[PDB]
Amino acid sequence: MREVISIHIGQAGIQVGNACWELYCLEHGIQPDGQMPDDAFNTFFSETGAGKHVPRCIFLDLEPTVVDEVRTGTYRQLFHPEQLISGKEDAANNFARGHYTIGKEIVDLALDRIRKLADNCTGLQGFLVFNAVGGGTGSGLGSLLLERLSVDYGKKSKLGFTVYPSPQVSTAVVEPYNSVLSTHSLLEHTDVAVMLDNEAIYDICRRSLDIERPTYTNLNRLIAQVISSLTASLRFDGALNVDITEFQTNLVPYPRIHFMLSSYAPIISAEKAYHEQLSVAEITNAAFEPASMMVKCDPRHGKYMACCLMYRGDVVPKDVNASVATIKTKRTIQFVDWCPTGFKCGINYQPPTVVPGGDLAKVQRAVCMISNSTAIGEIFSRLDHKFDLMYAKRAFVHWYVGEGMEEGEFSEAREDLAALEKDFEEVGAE
Amino acid sequence: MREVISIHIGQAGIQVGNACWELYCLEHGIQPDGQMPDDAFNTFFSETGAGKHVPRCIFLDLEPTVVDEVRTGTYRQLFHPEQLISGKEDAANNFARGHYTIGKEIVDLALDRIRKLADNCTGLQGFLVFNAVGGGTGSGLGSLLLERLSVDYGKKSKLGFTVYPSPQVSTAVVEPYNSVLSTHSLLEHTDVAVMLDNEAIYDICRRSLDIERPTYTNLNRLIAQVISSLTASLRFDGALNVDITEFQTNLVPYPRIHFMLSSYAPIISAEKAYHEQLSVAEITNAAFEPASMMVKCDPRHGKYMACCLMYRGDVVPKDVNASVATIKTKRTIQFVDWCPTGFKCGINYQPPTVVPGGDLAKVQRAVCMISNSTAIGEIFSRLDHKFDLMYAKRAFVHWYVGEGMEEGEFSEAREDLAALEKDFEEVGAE
Amino acid sequence: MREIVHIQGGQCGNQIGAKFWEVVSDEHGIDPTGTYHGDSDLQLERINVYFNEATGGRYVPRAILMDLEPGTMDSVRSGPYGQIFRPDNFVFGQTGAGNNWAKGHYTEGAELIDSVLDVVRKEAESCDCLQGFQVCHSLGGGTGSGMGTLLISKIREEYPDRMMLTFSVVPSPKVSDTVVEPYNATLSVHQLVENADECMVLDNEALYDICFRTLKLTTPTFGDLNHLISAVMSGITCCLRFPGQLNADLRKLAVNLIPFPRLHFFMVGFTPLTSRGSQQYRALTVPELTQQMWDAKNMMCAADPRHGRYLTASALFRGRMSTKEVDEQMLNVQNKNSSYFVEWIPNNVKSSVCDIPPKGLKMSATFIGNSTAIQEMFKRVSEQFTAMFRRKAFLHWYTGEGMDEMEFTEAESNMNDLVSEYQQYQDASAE
Amino acid sequence: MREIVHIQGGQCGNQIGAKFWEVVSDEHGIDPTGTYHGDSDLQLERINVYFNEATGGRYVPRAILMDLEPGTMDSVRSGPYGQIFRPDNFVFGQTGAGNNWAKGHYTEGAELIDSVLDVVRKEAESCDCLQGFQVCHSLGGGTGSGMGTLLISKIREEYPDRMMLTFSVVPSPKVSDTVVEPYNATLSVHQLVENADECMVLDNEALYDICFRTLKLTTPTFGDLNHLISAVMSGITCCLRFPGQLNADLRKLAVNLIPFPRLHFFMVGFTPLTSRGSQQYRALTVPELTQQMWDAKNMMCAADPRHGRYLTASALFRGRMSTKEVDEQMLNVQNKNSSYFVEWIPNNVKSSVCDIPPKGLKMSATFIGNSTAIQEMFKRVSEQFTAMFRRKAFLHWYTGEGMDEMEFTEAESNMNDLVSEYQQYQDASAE
Amino acid sequence: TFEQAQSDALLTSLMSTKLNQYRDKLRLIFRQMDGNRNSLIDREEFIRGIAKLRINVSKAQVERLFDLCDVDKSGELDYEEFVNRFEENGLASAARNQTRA
Amino acid sequence: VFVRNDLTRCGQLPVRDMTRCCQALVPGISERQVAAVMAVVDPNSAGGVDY
Ligand SMILES: Nc1nc2c(ncn2[C@@H]2O[C@H](COP(=O)(O)OP(=O)(O)OP(=O)(O)O)[C@@H](O)[C@H]2O)c(=O)[nH]1
Ligand SMILES: Nc1nc2c(ncn2[C@@H]2O[C@H](COP(=O)(O)OP(=O)(O)OP(=O)(O)O)[C@@H](O)[C@H]2O)c(=O)[nH]1
Ligand SMILES: Nc1nc2c(ncn2[C@@H]2O[C@H](COP(=O)(O)OP(=O)(O)O)[C@@H](O)[C@H]2O)c(=O)[nH]1
Ligand SMILES: Nc1nc2c(ncn2[C@@H]2O[C@H](COP(=O)(O)OP(=O)(O)O)[C@@H](O)[C@H]2O)c(=O)[nH]1
């Protein structure tokens, strides 16, 4: 009735999907084999003749290794064998490779399975595309799939949880290139794009979790908790029910400005747990702290446009109202003049479930703050010169040209990002 | 009361008969020794006073090897020793040899035993002739036997499950010659000719069963499953019971047009089972897929004239109606303008039994789709030029001439096949 | 229950037949004393195709051993399987033909041919059903060629419908053993064209090639060439003797191979022939067998198929194998080498499959190709025959045996007509 | 399922490849007889990348060994892991190229190159999907460099989109092993620039320095240097054969490493290289691996990075490690040595992580540096080549093999062009 | 007993036909036999894999197959012996044909 | 008849099987006579004489 189709593209998409689906299985009581010992799973799972629950997800990749890890792992009997789609040749961090030459047949098969999955849903709230902006599979194939979905499905709300390059630390060299290309691609195709930065999540793990050696599994666990907190209102009832379709209506002041910071609170280990009050006001303040943001971007630089809060657990409308009133009265947090309210509070009666073997503690309250703010143009300013600095020398441009791209396409993407910078400045302005 | 006499002519006939009778013994619980630990076997077996069940079958061949393989295999004590009829010299892929010189006495004895078998049947739905169009034993001797049966028995329904040469792959050289000759023979005698191609069944085994090295045992197992689904309504009760006599009334618009494409669904191995829904609609769609067809003939080229569906297992008439309505509303499937109904649905409560040691899995639902369509003219068009390319040079003609034929026989066969081509063109056209 | 009458003619024919019978007895588990010692039911299931039962359990070949000199079959009897043969089936004269086809066909063969026909008829009448006769002999020898052609003519007269199969060791292209090889070969090919239904052409130099290049042997004697010929002779008829997934008798092979009656000369090859070193290393698969058999080097015929065009080709596989795999491999061979295959035949391949591989081998496959390549072999033999016949060298030896000079000219004309037909069907165009 | 076709050329290439295949068999748990004995599942998951399934449980390297003399591969075949290779993959002549690139590329390698490409095609077509080819050989040698360049050209013609990886042992600066090393190197660099997609530069004297200073061996034979080179060669593709936390195939490395097409030469190194004395004293940690990685002595190339600037640098780590640790370490390296890193590339590190470290090391790392330092090596080759080419010393041999003089001048012109490219990007300023 | 010999031959032939259906299918089935990371196949892994194959065979005959596949008296099946007994044709075909033995 | 009653194609049949075969040929034959012929055919065997 409230079905949402999940897509995971690229290594990062599939690896955060592992955490997300582990989290949903733990939340709904679904064993990894597929079945559990009302109808709260329908948003993510469809039950078959044997009673087995299969997730409405699609693991897409041009590289076979990442998908075969799932085919061999504990979640081999849960996912559908044809839902796991594997390519033959990796995109090799080439947007052209993942969008123009290799990705064609794979995305055609992807649309085939997506149509099969959508025909299994009475309603369809929308799509949750989890990819990695900064790689050929993540950028190119994800952009192509988003384009195809926009063409055919039409009105389905597509939420892209994109992982963008960190400011200074990075693992790819053409990462600014394919990041700018994918940003141009999804500026018009996704409905709500959520920014995530590995450096910021690493800082969160280092300070809040006291993990001196964070890794991708830890990062994906935090991301999975954020996404589950986002979708909790679809699967569990609570005061001030929040909806996928109304994320837009309460969050996107203008269609271009749909990139969103995310921040989780509390982020505390077991040893530091039950040591502080962790009240609603304190956790809201922590969520609005710059350190808790999962993107390396100071919120104090820009002005918030909208803030949607998803509370999980024992939260009362008085507590959320008082916390938001204190936040509004606070002088450091600055909102735009044209949005006097700028707040969308929604509570859920289901506390966040804790994945065994993880570092997050069992907290009776949790906040996922997703904010549309003009400060995010600052990371775009970072990528916009990381792009053009190499583009002056046309470094690695032949690699992209070889698979059917043009200098005009890079220029158009960079120009579109400059237009986005202008847009951010204007919307921040009065 | 509903007895059906089985005839298996040639190596292909006997080899598909092995699988067919293995399947029937497994279905009715008859052990290979002959007896079982009611009256559902009457269609295929006749019980004696001792409790031993003997099949109402006749294994005809001019080569002793294949029949002695039956005499030496597991099914020795089952079949009647005189019912196994063996020749002394093979027909050597010569239609003339199998129809004019060697086949005379063998077919005379075949009529003798067929008469003895028919005298044991209170009712008699008809004959199931399984031969190999493309070999002297199957083609020539089978044609002679069909002619004699038409002369003496008269109006009994003879259903010929013929195996035609594949389009490009083949095993013989004079296969076009004896195929065209036997086609002229069986155009005027058999009542419903179910067409089969080794290339098509090989592709089915490769794609659906994941067998990259299919063998004749696999092909015969598939054919046996098709025939068992076809005859299931004779032995087991079901809603919308379908009869041997109902096949032609609901499938043959004109007497000349009685060739039938066969398609079974689902074809899934043990590993791939219980992983997809395998619902009524999905299996109907799979049956209507061109890839699942057992003739190398794309139905999209032609138009369906009639489609008879045999559903086996837990099939509910509302679901079969919904699936067939979806098929009708589908644009890709095209029916002739003069057959608005074009569908003969029949359900049976007996799920298809699975052969132990076979590749097919245990499925609770099954569809056997047998369709009269004008697309079948394509394969006759292929054989018509494969024949004339050889016949222009009169290659291998002396071999056929030596055993009592004339050039006029070849000319008449080619002319009759051209007439059949034009008849198919006319029925297809408005 | 479709019996075959084997006949050996001449020195080469007798030795090849001895090796062939050794191979067949080994395959059927028959010891040199004739008692069955094989321990496999399929071996005895169709043993009657070649053997008859004696008073005891002894099994004796249906073989008829022909010669004009006694020493050759003294050696045959002294051989490892010399005492399996019925002693009554040894028909030999006293003075051999001095490599003289005239002596072996007209003067000395006339007297002994009556006894030969008596033995052949006695062996045939005992048969329940007769598939036909197989005559192993060597073109280019006196008694071999002469008696073989005469006996083939007599058997054709007596049993026209019964199949006739010939294994003729055509004289080698480069290195000839005897001088009068062109004369004997020319006179014998004329008889084989008219009488022999199905003919295999073998070359000592082609066998030497296969044994140096595939088998990599060092000093291979005639025993090895006879061993390979025996392998082909067994594999061609293994479908009669063993159950097959798609079986094919000799008549089926002839029907699928011979487009026109005179074009019944075929080149044959056996797979897998591999050296000792790479045996662990070579992959035993249907594609590997096809790749080997379609090689020109695998042929036991001197003529290479690349020059000619494949009119027809039968492949008899042995082993538990995928019929789809076989058919796909051979269709792929046709599609890849369509330039070497005749256009006016849509399918130039006859696939037969038998379920019993030869002893020791996981798999096997024998090939029988009717291609216009043999045109160059017949052309070369004509080039030698004409060279001698222009000066009438050694012609007096044949003329003194009471054959006209006109017979030589008629044989040359017939052989040239066969060559012309092969060229015509090499360069025939569809429509 | 992304297969790699290995090729070995010349004596140096054959020895290095033999050591490499021994190392890879050890990593995959394959005994010299070919049977899998790893008792470990990830070893067999992607074994098809390098090996093929034989009839038994045996696995055969997808390696093609080439030479013009038989002694090198006689030793290779008789070596400890010589029996794994298919003997059909040994393609060699009778007369070796006398350290003559002209002989190995035009006269003697040209006849053998037909067989070489036949074997290459046979091995490649069996592959489901082909990542590409890796050729191990030495610049400065006749058969090795000549046939390697010729084969790379042919395979580039045949498979333009497939990856080409080369491991070339460039002649050492201070001591020269063969006299015509500058001619051979100059001619081979010309081919590698134009054809090879990714090329690894190695130096024997740099290997001696690293194994005497960090490893501290007393008498490192060529086996030890080949073991180092094999360690790097395995580590470069371990992300294909094993699951990785952040995996990176050869094409990903090429994309992230090569800024401009002709600047595809890299200097490589392996870590952690520890002396047996200080194995206990060292701490096996990511910061230690990075520090040893970025040392100039750890570079297997003679050119030291300090003189040049790193255009790009990939680091393939292996083992259970923190990606935060790795990324922070490489960012700290770039910030600390910003003078040695090119300004107009914001991030000069391509970090890859594989979850399966090599046997014996809990953590390991192979480093691949694209830096302008290789400029000085090409410059030294220029200084030697011009010195000999002024007086035409040893040039008449290359002239007599049918090579124009202008081929040399074209080769050195292109190599000087590459030199100046490296200089121009070293001193290129942002904006 | 000849009955037991024929049963072993038929069962080995059935398994060899079920496997080897495509290239490297023997390898894929071998990797699927063992849940654990070691290549050695345990008796329980062997019974579970045979059960995964749609073959109705008693535990006694499965144990007979396990022992016939050379354990080297170690009790675990290696890939080498797995391939050796489940090759296409070979021992399976020979045992199937040799009825009189 | 012996081949039909021999399922394993082993060429050997037990006492019960060959007595059944001999009764199918001639009804009056008892098992003792068949066993005696079995013994005189193969003196030292644990049943299963070659038919
Ligand atoms: N947060 C997070 N990021 C990841 C993770 N795995 C990979 N990434 C990021 O994803 C980027 C590359 O992802 P992909 O493009 O999918 O890599 P791939 O699967 O080999 O596909 P291509 O590189 O495009 O050929 C890297 O820059 C990483 O920063 C993860 O587990 N967590
Ligand atoms: N579908 C299928 N077709 C088969 C099978 N076996 C043989 N055939 C086909 O049957 C054709 C020949 O059959 P037959 O005529 O009976 O062969 P035969 O029994 O030796 O008789 P002749 O060939 O006429 O002498 C071949 O072209 C094959 O395509 C089988 O098991 N399944
Ligand atoms: N393959 C093979 N060829 C032989 C053998 N013996 C002789 N030949 C060849 O056969 C040719 C004809 O000899 P042959 O006809 O047997 O002599 P004849 O019996 O006196 O007529 C000779 O040129 C020999 O080269 C043998 O044992 N094997
Ligand atoms: N690392 C290593 N280098 C070698 C080995 N053998 C030779 N070389 C080097 O390879 C260079 C060229 O030799 P090579 O090309 O093999 O000579 P070629 O075979 O006649 O072409 C020489 O300068 C040697 O220093 C070896 O075993 N290991």
# chains A, B, ... in the order shown; residues from 1 in each chain; ligands from 1
call {"tool": "closest_atom_pairs", "arguments": {"of": "chain D", "to": "ligand 1", "cutoff": "9 Å", "atoms": "only C-alpha atoms and all ligand atoms", "output": "JSON lines"}}
result
{"residue": "D:245", "atom": "CA", "partner": "ligand 1", "partner_atom_place_in_ligand_line": "6 (N)", "distance": 6.9}
{"residue": "D:246", "atom": "CA", "partner": "ligand 1", "partner_atom_place_in_ligand_line": "7 (C)", "distance": 5.8}
{"residue": "D:247", "atom": "CA", "partner": "ligand 1", "partner_atom_place_in_ligand_line": "20 (O)", "distance": 5.9}
{"residue": "D:248", "atom": "CA", "partner": "ligand 1", "partner_atom_place_in_ligand_line": "20 (O)", "distance": 5.8}
{"residue": "D:249", "atom": "CA", "partner": "ligand 1", "partner_atom_place_in_ligand_line": "20 (O)", "distance": 7.5}
{"residue": "D:251", "atom": "CA", "partner": "ligand 1", "partner_atom_place_in_ligand_line": "25 (O)", "distance": 8.5}
{"residue": "D:252", "atom": "CA", "partner": "ligand 1", "partner_atom_place_in_ligand_line": "25 (O)", "distance": 6.5}
call {"tool": "write_last_selection", "arguments": {"atoms": "N, CA, C and O atoms", "output": "mmCIF file, in the first residue's frame"}}
result
data_model
loop_
_atom_site.group_PDB
_atom_site.id
_atom_site.type_symbol
_atom_site.label_atom_id
_atom_site.label_comp_id
_atom_site.auth_asym_id
_atom_site.auth_seq_id
_atom_site.Cartn_x
_atom_site.Cartn_y
_atom_site.Cartn_z
ATOM 1 N N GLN D 245 37.327 -4.144 -0.300
ATOM 2 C CA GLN D 245 36.481 -3.132 0.321
ATOM 3 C C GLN D 245 36.295 -1.941 -0.606
ATOM 4 O O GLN D 245 35.195 -1.388 -0.704
ATOM 5 N N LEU D 246 37.359 -1.533 -1.293
ATOM 6 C CA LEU D 246 37.286 -0.544 -2.369
ATOM 7 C C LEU D 246 38.106 -1.115 -3.522
ATOM 8 O O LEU D 246 39.301 -0.834 -3.648
ATOM 9 N N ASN D 247 37.458 -1.914 -4.360
ATOM 10 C CA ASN D 247 38.160 -2.621 -5.417
ATOM 11 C C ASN D 247 38.434 -1.705 -6.604
ATOM 12 O O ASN D 247 37.765 -0.691 -6.815
ATOM 13 N N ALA D 248 39.455 -2.068 -7.377
ATOM 14 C CA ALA D 248 39.885 -1.254 -8.511
ATOM 15 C C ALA D 248 40.513 -2.173 -9.546
ATOM 16 O O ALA D 248 41.542 -2.798 -9.276
ATOM 17 N N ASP D 249 39.906 -2.249 -10.724
ATOM 18 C CA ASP D 249 40.441 -3.080 -11.786
ATOM 19 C C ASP D 249 41.555 -2.345 -12.526
ATOM 20 O O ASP D 249 41.891 -1.192 -12.229
ATOM 21 N N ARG D 251 41.561 -1.194 -15.541
ATOM 22 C CA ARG D 251 41.071 -0.011 -16.237
ATOM 23 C C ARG D 251 40.818 1.137 -15.271
ATOM 24 O O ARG D 251 41.054 2.300 -15.613
ATOM 25 N N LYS D 252 40.330 0.839 -14.065
ATOM 26 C CA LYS D 252 40.169 1.895 -13.071
ATOM 27 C C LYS D 252 41.513 2.511 -12.718
ATOM 28 O O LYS D 252 41.638 3.739 -12.622
#
call {"tool": "select_by_dssp", "arguments": {"residues": "chain E", "states": "helix (DSSP H, G or I)", "output": "JSON, numbers by chain"}}
result
{"E": [2, 3, 4, 5, 6, 7, 8, 9, 10, 11, 12, 13, 14, 15, 16, 17, 18, 25, 26, 27, 28, 29, 30, 31, 32, 33, 43, 44, 45, 46, 47, 48, 49, 50, 51, 52, 59, 60, 61, 62, 63, 64, 65, 66, 67, 68, 79, 80, 81, 82, 83, 84, 85, 91, 92, 93, 94, 95, 96, 97]}
call {"tool": "residues_near_ligand", "arguments": {"ligand": "ligand 3", "cutoff": "6 Å", "atoms": "only C-alpha atoms and all ligand atoms", "output": "NGL selection string"}}
result
:C and (10-13 or 15-16 or 99 or 138 or 140-144 or 177-178 or 204 or 222 or 225-226)
call {"tool": "atom_distance", "arguments": {"atom1": "CA of residue 213 (chain A)", "atom2": "CA of residue 294 (chain D)"}}
result
21.6 Å
call {"tool": "select_by_dssp", "arguments": {"residues": "region 258-397 of chain C", "states": "strand (DSSP E or B)", "output": "ChimeraX atom specification"}}
result
/C:265-271,299,310-318,341,349-354,364-371
call {"tool": "interface_residues", "arguments": {"of": "chain D", "to": "chain E", "cutoff": "12 Å", "atoms": "only C-alpha atoms", "output": "PDB file with N, CA and C atoms, in the first residue's frame"}}
result
ATOM      1  N   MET D   1      36.022 -13.409 -13.794  1.00  0.00           N
ATOM      2  CA  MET D   1      35.381 -13.554 -15.095  1.00  0.00           C
ATOM      3  C   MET D   1      35.842 -12.455 -16.052  1.00  0.00           C
ATOM      4  N   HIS D  28      47.061 -18.832  -5.012  1.00  0.00           N
ATOM      5  CA  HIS D  28      45.816 -19.533  -5.288  1.00  0.00           C
ATOM      6  C   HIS D  28      45.817 -20.968  -4.787  1.00  0.00           C
ATOM      7  N   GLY D  29      46.866 -21.392  -4.093  1.00  0.00           N
ATOM      8  CA  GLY D  29      46.904 -22.742  -3.561  1.00  0.00           C
ATOM      9  C   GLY D  29      46.964 -23.816  -4.623  1.00  0.00           C
ATOM     10  N   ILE D  30      47.787 -23.621  -5.648  1.00  0.00           N
ATOM     11  CA  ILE D  30      47.942 -24.573  -6.739  1.00  0.00           C
ATOM     12  C   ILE D  30      49.336 -25.175  -6.653  1.00  0.00           C
ATOM     13  N   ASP D  31      49.402 -26.494  -6.559  1.00  0.00           N
ATOM     14  CA  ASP D  31      50.674 -27.190  -6.529  1.00  0.00           C
ATOM     15  C   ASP D  31      51.276 -27.249  -7.929  1.00  0.00           C
ATOM     16  N   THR D  33      51.841 -29.563  -9.838  1.00  0.00           N
ATOM     17  CA  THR D  33      51.171 -30.519 -10.705  1.00  0.00           C
ATOM     18  C   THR D  33      49.834 -30.009 -11.224  1.00  0.00           C
ATOM     19  N   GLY D  34      49.374 -28.850 -10.759  1.00  0.00           N
ATOM     20  CA  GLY D  34      48.175 -28.226 -11.267  1.00  0.00           C
ATOM     21  C   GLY D  34      46.941 -28.403 -10.406  1.00  0.00           C
ATOM     22  N   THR D  35      46.967 -29.323  -9.450  1.00  0.00           N
ATOM     23  CA  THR D  35      45.804 -29.536  -8.602  1.00  0.00           C
ATOM     24  C   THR D  35      45.650 -28.383  -7.621  1.00  0.00           C
ATOM     25  N   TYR D  36      44.404 -28.019  -7.328  1.00  0.00           N
ATOM     26  CA  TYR D  36      44.156 -27.024  -6.297  1.00  0.00           C
ATOM     27  C   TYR D  36      44.358 -27.651  -4.924  1.00  0.00           C
ATOM     28  N   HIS D  37      45.131 -26.977  -4.076  1.00  0.00           N
ATOM     29  CA  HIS D  37      45.394 -27.439  -2.719  1.00  0.00           C
ATOM     30  C   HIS D  37      45.393 -26.273  -1.747  1.00  0.00           C
ATOM     31  N   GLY D  38      44.409 -25.390  -1.868  1.00  0.00           N
ATOM     32  CA  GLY D  38      44.395 -24.189  -1.060  1.00  0.00           C
ATOM     33  C   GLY D  38      43.521 -24.291   0.165  1.00  0.00           C
ATOM     34  N   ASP D  39      42.538 -25.193   0.126  1.00  0.00           N
ATOM     35  CA  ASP D  39      41.628 -25.415   1.246  1.00  0.00           C
ATOM     36  C   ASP D  39      41.018 -24.072   1.668  1.00  0.00           C
ATOM     37  N   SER D  40      40.605 -23.299   0.661  1.00  0.00           N
ATOM     38  CA  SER D  40      40.324 -21.874   0.814  1.00  0.00           C
ATOM     39  C   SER D  40      39.491 -21.413  -0.373  1.00  0.00           C
ATOM     40  N   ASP D  41      38.318 -20.829  -0.107  1.00  0.00           N
ATOM     41  CA  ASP D  41      37.317 -20.711  -1.162  1.00  0.00           C
ATOM     42  C   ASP D  41      37.567 -19.498  -2.063  1.00  0.00           C
ATOM     43  N   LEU D  42      37.961 -18.359  -1.488  1.00  0.00           N
ATOM     44  CA  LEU D  42      38.201 -17.176  -2.314  1.00  0.00           C
ATOM     45  C   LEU D  42      39.342 -17.396  -3.296  1.00  0.00           C
ATOM     46  N   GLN D  43      40.185 -18.396  -3.043  1.00  0.00           N
ATOM     47  CA  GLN D  43      41.244 -18.738  -3.983  1.00  0.00           C
ATOM     48  C   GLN D  43      40.674 -19.314  -5.273  1.00  0.00           C
ATOM     49  N   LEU D  44      39.687 -20.196  -5.164  1.00  0.00           N
ATOM     50  CA  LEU D  44      39.060 -20.770  -6.347  1.00  0.00           C
ATOM     51  C   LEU D  44      37.948 -19.919  -6.930  1.00  0.00           C
ATOM     52  N   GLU D  45      37.452 -18.907  -6.218  1.00  0.00           N
ATOM     53  CA  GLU D  45      36.346 -18.139  -6.785  1.00  0.00           C
ATOM     54  C   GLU D  45      36.731 -17.497  -8.113  1.00  0.00           C
ATOM     55  N   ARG D  46      37.903 -16.874  -8.180  1.00  0.00           N
ATOM     56  CA  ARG D  46      38.308 -16.125  -9.365  1.00  0.00           C
ATOM     57  C   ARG D  46      39.573 -16.698  -9.984  1.00  0.00           C
ATOM     58  N   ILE D  47      39.755 -18.015  -9.871  1.00  0.00           N
ATOM     59  CA  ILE D  47      40.944 -18.652 -10.417  1.00  0.00           C
ATOM     60  C   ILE D  47      40.981 -18.575 -11.936  1.00  0.00           C
ATOM     61  N   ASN D  48      39.829 -18.374 -12.575  1.00  0.00           N
ATOM     62  CA  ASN D  48      39.758 -18.295 -14.025  1.00  0.00           C
ATOM     63  C   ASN D  48      40.436 -17.058 -14.584  1.00  0.00           C
ATOM     64  N   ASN D  52      43.083 -21.892 -16.500  1.00  0.00           N
ATOM     65  CA  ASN D  52      41.992 -22.588 -17.164  1.00  0.00           C
ATOM     66  C   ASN D  52      41.828 -23.988 -16.588  1.00  0.00           C
ATOM     67  N   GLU D  53      40.593 -24.477 -16.594  1.00  0.00           N
ATOM     68  CA  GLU D  53      40.290 -25.807 -16.086  1.00  0.00           C
ATOM     69  C   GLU D  53      40.714 -26.864 -17.098  1.00  0.00           C
ATOM     70  N   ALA D  54      41.543 -27.805 -16.657  1.00  0.00           N
ATOM     71  CA  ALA D  54      41.947 -28.922 -17.498  1.00  0.00           C
ATOM     72  C   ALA D  54      40.944 -30.062 -17.334  1.00  0.00           C
ATOM     73  N   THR D  55      41.290 -31.244 -17.849  1.00  0.00           N
ATOM     74  CA  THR D  55      40.381 -32.383 -17.753  1.00  0.00           C
ATOM     75  C   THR D  55      40.161 -32.796 -16.304  1.00  0.00           C
ATOM     76  N   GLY D  56      41.235 -32.965 -15.550  1.00  0.00           N
ATOM     77  CA  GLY D  56      41.148 -33.251 -14.134  1.00  0.00           C
ATOM     78  C   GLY D  56      40.976 -31.980 -13.339  1.00  0.00           C
ATOM     79  N   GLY D  57      41.340 -32.040 -12.065  1.00  0.00           N
ATOM     80  CA  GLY D  57      41.345 -30.830 -11.275  1.00  0.00           C
ATOM     81  C   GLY D  57      42.482 -29.893 -11.593  1.00  0.00           C
ATOM     82  N   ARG D  58      43.276 -30.234 -12.602  1.00  0.00           N
ATOM     83  CA  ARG D  58      44.432 -29.440 -12.984  1.00  0.00           C
ATOM     84  C   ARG D  58      44.011 -28.073 -13.506  1.00  0.00           C
ATOM     85  N   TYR D  59      44.875 -27.090 -13.280  1.00  0.00           N
ATOM     86  CA  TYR D  59      44.704 -25.737 -13.792  1.00  0.00           C
ATOM     87  C   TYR D  59      45.952 -25.370 -14.577  1.00  0.00           C
ATOM     88  N   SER D 126      38.752 -18.332 -25.727  1.00  0.00           N
ATOM     89  CA  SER D 126      38.169 -19.185 -24.700  1.00  0.00           C
ATOM     90  C   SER D 126      37.690 -18.373 -23.503  1.00  0.00           C
ATOM     91  N   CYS D 127      38.206 -17.160 -23.340  1.00  0.00           N
ATOM     92  CA  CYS D 127      37.829 -16.325 -22.210  1.00  0.00           C
ATOM     93  C   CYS D 127      36.398 -15.829 -22.365  1.00  0.00           C
ATOM     94  N   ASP D 128      35.649 -15.840 -21.262  1.00  0.00           N
ATOM     95  CA  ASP D 128      34.307 -15.270 -21.275  1.00  0.00           C
ATOM     96  C   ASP D 128      34.359 -13.774 -21.558  1.00  0.00           C
TER      97      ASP D 128
END
call {"tool": "residues_around", "arguments": {"residues": "region 66-74 of chain C", "least_positions_apart": "2", "cutoff": "7 Å", "atoms": "only C-alpha atoms", "output": "MDAnalysis selection string"}}
result
chainID C and resid 8:11 64 76:78 90:97 143
